[PDB]
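Working notes, structure below.
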Protein chains: 2
Amino acid sequence: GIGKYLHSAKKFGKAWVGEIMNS
Amino acid sequence: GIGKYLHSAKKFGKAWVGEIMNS
């Protein structure tokens with residue numbers, strides 16, 4: 001268990017927001 | 001190009017943070 005929120009979420013966590021949070 | 005930050009990140013954005021942001 002736990003193998004995306006720490007290696008796939010965090011990454012986008014800082015990029016996805018700049019995407020949605022910005023657009 | 002685009003497809004995981006606005007179709008997968010947000011999801012974890014709320015779960016991954018409650019994961020790492022929680023501890």
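Each chain in the structure tokens gets a letter, A, B, ..., in the order shown, and its residues are numbered from 1; ligands are numbered from 1 in order too.
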
| task | Find the residues in chain B near chain A: any atom within 9 Å counts, using only C-alpha atoms. Write them as number ranges by chain. | result | B: 4-6, 8-13, 15-17, 19-20

Matching every Cα in sequence order between the two identical chains, what are the coordinates of chain A once fitted onto chain B? Write them as a PDB file with N, CA, C and O atoms, in the first residue's frame.
ATOM      1  N   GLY A   1      -0.401  16.107 -24.070  1.00  0.00           N
ATOM      2  CA  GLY A   1       0.245  16.574 -22.811  1.00  0.00           C
ATOM      3  C   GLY A   1      -0.831  16.860 -21.762  1.00  0.00           C
ATOM      4  O   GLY A   1      -1.991  17.029 -22.078  1.00  0.00           O
ATOM      5  N   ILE A   2      -0.452  16.918 -20.513  1.00  0.00           N
ATOM      6  CA  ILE A   2      -1.449  17.196 -19.439  1.00  0.00           C
ATOM      7  C   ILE A   2      -2.494  16.077 -19.401  1.00  0.00           C
ATOM      8  O   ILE A   2      -3.499  16.129 -20.081  1.00  0.00           O
ATOM      9  N   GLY A   3      -2.266  15.071 -18.603  1.00  0.00           N
ATOM     10  CA  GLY A   3      -3.246  13.953 -18.506  1.00  0.00           C
ATOM     11  C   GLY A   3      -3.031  13.209 -17.190  1.00  0.00           C
ATOM     12  O   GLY A   3      -3.369  12.052 -17.049  1.00  0.00           O
ATOM     13  N   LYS A   4      -2.473  13.879 -16.225  1.00  0.00           N
ATOM     14  CA  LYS A   4      -2.229  13.243 -14.903  1.00  0.00           C
ATOM     15  C   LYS A   4      -2.390  14.310 -13.822  1.00  0.00           C
ATOM     16  O   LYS A   4      -2.969  14.079 -12.780  1.00  0.00           O
ATOM     17  N   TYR A   5      -1.885  15.486 -14.076  1.00  0.00           N
ATOM     18  CA  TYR A   5      -2.003  16.586 -13.096  1.00  0.00           C
ATOM     19  C   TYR A   5      -3.464  17.014 -12.976  1.00  0.00           C
ATOM     20  O   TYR A   5      -3.841  17.700 -12.047  1.00  0.00           O
ATOM     21  N   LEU A   6      -4.292  16.625 -13.908  1.00  0.00           N
ATOM     22  CA  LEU A   6      -5.722  17.034 -13.827  1.00  0.00           C
ATOM     23  C   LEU A   6      -6.610  15.819 -13.558  1.00  0.00           C
ATOM     24  O   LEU A   6      -7.777  15.953 -13.255  1.00  0.00           O
ATOM     25  N   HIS A   7      -6.080  14.635 -13.670  1.00  0.00           N
ATOM     26  CA  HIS A   7      -6.925  13.433 -13.424  1.00  0.00           C
ATOM     27  C   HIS A   7      -6.237  12.497 -12.432  1.00  0.00           C
ATOM     28  O   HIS A   7      -6.833  11.560 -11.939  1.00  0.00           O
ATOM     29  N   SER A   8      -4.990  12.730 -12.129  1.00  0.00           N
ATOM     30  CA  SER A   8      -4.296  11.833 -11.166  1.00  0.00           C
ATOM     31  C   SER A   8      -3.676  12.655 -10.045  1.00  0.00           C
ATOM     32  O   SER A   8      -3.570  12.209  -8.920  1.00  0.00           O
ATOM     33  N   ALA A   9      -3.272  13.855 -10.331  1.00  0.00           N
ATOM     34  CA  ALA A   9      -2.673  14.693  -9.268  1.00  0.00           C
ATOM     35  C   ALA A   9      -3.785  15.240  -8.384  1.00  0.00           C
ATOM     36  O   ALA A   9      -3.839  14.968  -7.206  1.00  0.00           O
ATOM     37  N   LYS A  10      -4.668  16.015  -8.947  1.00  0.00           N
ATOM     38  CA  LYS A  10      -5.780  16.591  -8.134  1.00  0.00           C
ATOM     39  C   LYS A  10      -6.319  15.542  -7.155  1.00  0.00           C
ATOM     40  O   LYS A  10      -6.426  15.789  -5.969  1.00  0.00           O
ATOM     41  N   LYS A  11      -6.662  14.377  -7.632  1.00  0.00           N
ATOM     42  CA  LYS A  11      -7.191  13.331  -6.712  1.00  0.00           C
ATOM     43  C   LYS A  11      -6.249  13.181  -5.517  1.00  0.00           C
ATOM     44  O   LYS A  11      -6.610  13.466  -4.393  1.00  0.00           O
ATOM     45  N   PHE A  12      -5.044  12.744  -5.749  1.00  0.00           N
ATOM     46  CA  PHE A  12      -4.084  12.585  -4.621  1.00  0.00           C
ATOM     47  C   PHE A  12      -3.791  13.958  -4.016  1.00  0.00           C
ATOM     48  O   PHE A  12      -3.594  14.090  -2.826  1.00  0.00           O
ATOM     49  N   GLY A  13      -3.770  14.982  -4.825  1.00  0.00           N
ATOM     50  CA  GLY A  13      -3.501  16.350  -4.296  1.00  0.00           C
ATOM     51  C   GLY A  13      -4.272  16.535  -2.994  1.00  0.00           C
ATOM     52  O   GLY A  13      -3.794  17.143  -2.056  1.00  0.00           O
ATOM     53  N   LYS A  14      -5.465  16.015  -2.932  1.00  0.00           N
ATOM     54  CA  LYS A  14      -6.274  16.159  -1.689  1.00  0.00           C
ATOM     55  C   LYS A  14      -6.054  14.955  -0.767  1.00  0.00           C
ATOM     56  O   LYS A  14      -6.368  15.003   0.406  1.00  0.00           O
ATOM     57  N   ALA A  15      -5.538  13.871  -1.279  1.00  0.00           N
ATOM     58  CA  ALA A  15      -5.333  12.675  -0.409  1.00  0.00           C
ATOM     59  C   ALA A  15      -3.853  12.529  -0.036  1.00  0.00           C
ATOM     60  O   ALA A  15      -3.513  12.280   1.103  1.00  0.00           O
ATOM     61  N   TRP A  16      -2.972  12.674  -0.987  1.00  0.00           N
ATOM     62  CA  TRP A  16      -1.520  12.539  -0.697  1.00  0.00           C
ATOM     63  C   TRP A  16      -1.132  13.494   0.430  1.00  0.00           C
ATOM     64  O   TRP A  16      -0.413  13.133   1.340  1.00  0.00           O
ATOM     65  N   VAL A  17      -1.606  14.707   0.389  1.00  0.00           N
ATOM     66  CA  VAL A  17      -1.258  15.662   1.472  1.00  0.00           C
ATOM     67  C   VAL A  17      -1.748  15.089   2.805  1.00  0.00           C
ATOM     68  O   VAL A  17      -1.000  14.954   3.748  1.00  0.00           O
ATOM     69  N   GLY A  18      -2.994  14.726   2.892  1.00  0.00           N
ATOM     70  CA  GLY A  18      -3.493  14.151   4.168  1.00  0.00           C
ATOM     71  C   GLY A  18      -2.596  12.976   4.567  1.00  0.00           C
ATOM     72  O   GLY A  18      -2.574  12.556   5.707  1.00  0.00           O
ATOM     73  N   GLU A  19      -1.846  12.452   3.634  1.00  0.00           N
ATOM     74  CA  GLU A  19      -0.937  11.320   3.941  1.00  0.00           C
ATOM     75  C   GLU A  19       0.383  11.887   4.432  1.00  0.00           C
ATOM     76  O   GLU A  19       0.772  11.717   5.572  1.00  0.00           O
ATOM     77  N   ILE A  20       1.070  12.566   3.566  1.00  0.00           N
ATOM     78  CA  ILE A  20       2.370  13.165   3.943  1.00  0.00           C
ATOM     79  C   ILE A  20       2.127  14.369   4.854  1.00  0.00           C
ATOM     80  O   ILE A  20       2.719  14.505   5.906  1.00  0.00           O
ATOM     81  N   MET A  21       1.258  15.240   4.439  1.00  0.00           N
ATOM     82  CA  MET A  21       0.951  16.450   5.245  1.00  0.00           C
ATOM     83  C   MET A  21       0.462  16.038   6.637  1.00  0.00           C
ATOM     84  O   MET A  21       0.555  16.792   7.585  1.00  0.00           O
ATOM     85  N   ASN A  22      -0.063  14.849   6.767  1.00  0.00           N
ATOM     86  CA  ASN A  22      -0.561  14.395   8.097  1.00  0.00           C
ATOM     87  C   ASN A  22       0.459  13.449   8.730  1.00  0.00           C
ATOM     88  O   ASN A  22       0.636  13.427   9.932  1.00  0.00           O
ATOM     89  N   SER A  23       1.130  12.663   7.934  1.00  0.00           N
ATOM     90  CA  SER A  23       2.135  11.720   8.499  1.00  0.00           C
ATOM     91  C   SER A  23       3.496  11.972   7.845  1.00  0.00           C
ATOM     92  O   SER A  23       3.513  12.335   6.680  1.00  0.00           O
TER      93      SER A  23
END

| Every residue of chain A that DSSP places in helix (DSSP H, G or I), as a PyMOL selection string | chain A and resi 5-20

Okay, now the selection with C-alpha atoms, as a PDB file, in the first residue's frame?
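Saved result, selection_13.pdb, follows:
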ATOM      1  CA  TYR A   5       0.876   9.483  -2.957  1.00  0.00           C
ATOM      2  CA  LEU A   6       4.589   9.548  -2.075  1.00  0.00           C
ATOM      3  CA  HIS A   7       6.112   9.022  -5.536  1.00  0.00           C
ATOM      4  CA  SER A   8       3.388  10.215  -7.930  1.00  0.00           C
ATOM      5  CA  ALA A   9       1.217  12.602  -5.930  1.00  0.00           C
ATOM      6  CA  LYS A  10       3.912  14.760  -4.310  1.00  0.00           C
ATOM      7  CA  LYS A  11       5.462  15.327  -7.762  1.00  0.00           C
ATOM      8  CA  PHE A  12       2.198  16.546  -9.323  1.00  0.00           C
ATOM      9  CA  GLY A  13       1.167  17.908  -5.902  1.00  0.00           C
ATOM     10  CA  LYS A  14       3.559  20.751  -6.749  1.00  0.00           C
ATOM     11  CA  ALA A  15       2.839  20.729 -10.509  1.00  0.00           C
ATOM     12  CA  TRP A  16      -0.861  19.788 -10.776  1.00  0.00           C
ATOM     13  CA  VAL A  17      -1.758  22.735  -8.532  1.00  0.00           C
ATOM     14  CA  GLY A  18       0.236  25.168 -10.688  1.00  0.00           C
ATOM     15  CA  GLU A  19      -1.939  23.667 -13.447  1.00  0.00           C
ATOM     16  CA  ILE A  20      -5.397  23.688 -11.903  1.00  0.00           C
TER      17      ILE A  20
END
